[PDB]
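Input: a single structure, listed below in structure tokens.
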2 protein chains.
Amino acid sequence: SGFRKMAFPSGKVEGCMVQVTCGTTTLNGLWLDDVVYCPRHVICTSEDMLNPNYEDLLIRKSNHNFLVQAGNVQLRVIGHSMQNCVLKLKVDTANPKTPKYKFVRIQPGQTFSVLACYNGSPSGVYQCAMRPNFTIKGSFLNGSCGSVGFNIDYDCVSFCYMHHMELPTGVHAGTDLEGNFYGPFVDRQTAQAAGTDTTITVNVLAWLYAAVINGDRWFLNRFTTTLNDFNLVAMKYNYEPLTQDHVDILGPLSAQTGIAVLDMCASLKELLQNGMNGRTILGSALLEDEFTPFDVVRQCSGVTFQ
Amino acid sequence: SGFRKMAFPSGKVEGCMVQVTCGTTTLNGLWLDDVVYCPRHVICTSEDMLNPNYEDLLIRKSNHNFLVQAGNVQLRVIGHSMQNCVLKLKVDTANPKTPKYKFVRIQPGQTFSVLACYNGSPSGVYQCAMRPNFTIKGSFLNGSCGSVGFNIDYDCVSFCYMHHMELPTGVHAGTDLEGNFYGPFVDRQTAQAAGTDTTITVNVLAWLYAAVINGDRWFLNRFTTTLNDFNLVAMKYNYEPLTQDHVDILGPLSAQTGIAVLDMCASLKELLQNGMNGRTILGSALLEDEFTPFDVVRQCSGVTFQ
Ligand SMILES: *C(=N)[C@@H](NC(=O)[C@@H]1[C@@H]2[C@H](CN1C(=O)[C@@H](NC(=O)C(F)(F)F)C(C)(C)C)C2(C)C)c1cncc(F)c1
Ligand SMILES: *C(=N)[C@@H](NC(=O)[C@@H]1[C@@H]2[C@H](CN1C(=O)[C@@H](NC(=O)C(F)(F)F)C(C)(C)C)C2(C)C)c1cncc(F)c1
């Protein structure tokens with residue numbers, strides 16, 4: 001038992017982290033086979049970042065302008081190209097630690113592990129959700145750009161996120177590994193801002209089920225509600241709509257606990273309207289929305305990776 | 001910026017996790033050099049666990065009674081011995097992935113990363129604190145025994161915890177890697193229970209400093225307090241005493257924020273007496289005590305590992 005904001009074991013990703021230097025800018029790259037992926041803004045000077053023409057900026061670069069450090073071993077860059085907002089640095093060595101991997105783009109509301117990295121050196125790992133507004137509430141300091149987010153299914157690393165920037169509210173924006181930003185963010189120095197977020201309702205419900213599985217039951221009730229009536233409450237508390245597909249996805253957790261999804265919705269409704277009256281759920285005094293139903297099943301049933 | 005309950009990158013530990021089977025019991029072992037460490041209760045049957053004489057139980061075992069699975073490669077056990085509550089299985093192969101490591105015993109209030117494991121396969125990683133009552137609020141399912149807790153300093157893994165059991169409140173008890181339990185727990189089936197816990201005051205203060213560093217300032221005030229007057233409040237809210245050494249340890253965070261430690265204590269005092277009035281700190285509506293000052297400095301300054 002117990003419930004922790006659990007990340008995937010990071011080893012498979014640690015073996016792909018490299019340091020990419022261009023000019024005075026050092027950031028992280030992801031070394032898979034003979035390509036190193038990194039944020040294209042690595043090529044930018046401070047003033048470049050004001051209004052960069054990346055095609056212009058990149059045509060003025062050479063392979064030798066990119067230093068790739070894989071631990072204490074330099075990789076020779078033999079090609080460079082831009083794919084959307086990522087750079088692809090072709091190197092003369094295939095990473096012998098390349099895991100089986102996929103480049104997947106995730107949905108807001110889904111979770112992933114982040115291996116926060118500095119100078120190509122992994123610093124820590126933690127679990128994030130993609131917010132409905134396509135930001136992530138990460139933990140990133142200067143030099144963290146190019147750190148990647150990922151999930152692991154058995155032995156395959158699904159890379160879904162690479163860090164590009166911190167928005168003014170302290171939240172983070174980045175791309176998938178094809179270089180396409182999550183959300184309406186750009187890798188230049190605009191006044192861009194996160195914009196309004198919502199709470200991930202299906203995840204809160206999942207987490208309430210995790211709570212029940214772990215013996216927190218005080219928020220349960222005999223009440224039930226209809227999906228429409230719940231969604232009327234969800235909307236008022238800035239929760240996103242619950243769909244029938246969310247209900248279906250919660251089926252296994254509902255079956256395991258014997259609490260009908262709509263009964264849990266009634267509990268959530270009460271929690272939203274009454275708050276928690278000084279009590280806690282799974283050690284939180286807030287409704288937690290960064291665990292998916294999958295995360296709950298994984299942690300309250302016990303799947304591993306290899 | 002941002003603040004996440006961050007674990008160390010787990011790769012170095014992942015390479016040490018093996019599966020140990022004895023009889024029908026399968027659990028995790030830690031494979032370092034040519035020794036596999038695992039909970040000694042691996043040798044126990046269900047009825048053995050009632051009142052086990054481990055010396056008797058172990059003398060009746062042979063090397064061939066221990067199957068060690070390192071991934072999909074079996075390790076040949078060539079020796080076994082008991083060290084307190086851990087078994088040391090000597091195997092004929094030194095783990096080629098053995099990191100530089102130490103066996104350290106931590107203090108209540110200190111934190112570590114847990115690589116939760118099943119059948120020798122790492123499942124997830126998360127950050128724990130050793131509670132004042134020597135339990136940890138982990139996330140462990142059946143088969144997690146032998147999963148280890150650790151910290152990483154540059155390239156050296158300091159193993160500090162190996163999981164042995166879940167107590168009735170859903171918290172977890174285990175040993176250091178010399179096999180000595182943390183706290184007054186035993187690897188047998190008694191009615192043992194966690195016993196009373198306290199909140200780790202210096203950690204809460206550290207986390208308040210992390211909050212300030214991250215722009216949460218609403219809980220600040222011009223007030224100050226004396227250490228004795230703060231500790232009078234701490235005691236009443238079941239917080240553990242703040243020592244001058246804690247104050248000293250908070251020095252760097254105090255210098256970085258310009259908030260005197262005793263001023264932060266005054267803020268904590270107000271938070272304890274008034275609660276938080278619907279506001280949050282670093283995304284929590286509770287005072288968080290599982291970040292040490294070190295964890296805060298590490299995450300709000302940016303140290304890596306290699
Ligand atoms: C990564 N090493 C670092 N981030 C950057 O260098 C990004 C890159 C350049 C500037 N930048 C920012 O994150 C900035 N944000 C913005 O300009 C924004 F508000 F998002 F529009 C700063 C650092 C000024 C907040 C790009 C926008 C392409 C970095 C990443 N994460 C956290 C950090 F503290 C630093
Ligand atoms: C690990 N694979 C599993 N834990 C055990 O097998 C421990 C070992 C045997 C029984 N045990 C327990 O954790 C039990 N606890 C107690 O007897 C206690 F309350 F602590 F006294 C059970 C599982 C009945 C709660 C030892 C006590 C030596 C395990 C570990 N962590 C979580 C799990 F769900 C299971």
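Proteins come first, then strands; the chains are lettered A, B, ... in the order of their sequence lines, and each starts at number 1. Both ligands and their constituent atoms are indexed starting at 1 by order of listing.
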Just by modelled atom types, is the A:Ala173 backbone N or O under 3.5 Å from a matching donor or acceptor in the A:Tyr161 side chain? yes

Relative to ligand 1, is A:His163 under 4.0 angstrom through side chain, backbone, both or neither, heavy atoms considered? side chain

With the threshold set strictly below 4.0 angstrom, can you tell me whether any protein non-hydrogen atom sits that near atom 23 (C) of ligand 1? no

Give the numbers and elements of all ligand 1 atoms closer than 4.0 Å to a heavy atom of A:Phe140. 31 (N), 32 (C), 33 (C), 34 (F)

Counting heavy atoms only, which of A:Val42, A:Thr25, A:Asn142 is nearest atom 34 (F) of ligand 1? A:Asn142

Against heavy atoms of A:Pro168, which atoms of ligand 1 measure under 4.0 Å? 19 (F)

Looking only at distances, please establish whether an N/O atom of ligand 2 is found under 3.5 Å from an N/O atom of B:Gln192. no

Below 4.0 angstrom from a heavy atom of A:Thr190, which ligand 1 atoms are there? Numbered from 1 as shown, please. 21 (F)

Can the ring centres of A:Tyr37 and A:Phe159 be said to be less than 6.0 Å apart? no

Is it the side chain, the backbone, both or neither of A:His41 that has a heavy atom closer than 4.0 Å to ligand 1? side chain

Nitrogen or oxygen atoms of B:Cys145 and ligand 2 under 3.5 Å apart: yes

Report yes or no: is the cationic atom of B:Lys5 (NZ for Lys, CZ for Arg) closer than 6.0 Å to the six-membered ring centre of A:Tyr126, at no more than 45° off its axis? no

In ligand 1, which numbered atoms sit nearer than 4.0 Å to a non-hydrogen atom of A:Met49? 9 (C), 26 (C), 27 (C), 28 (C)

Is it the side chain, the backbone, both or neither of B:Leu27 that has a heavy atom closer than 4.0 Å to ligand 2? neither

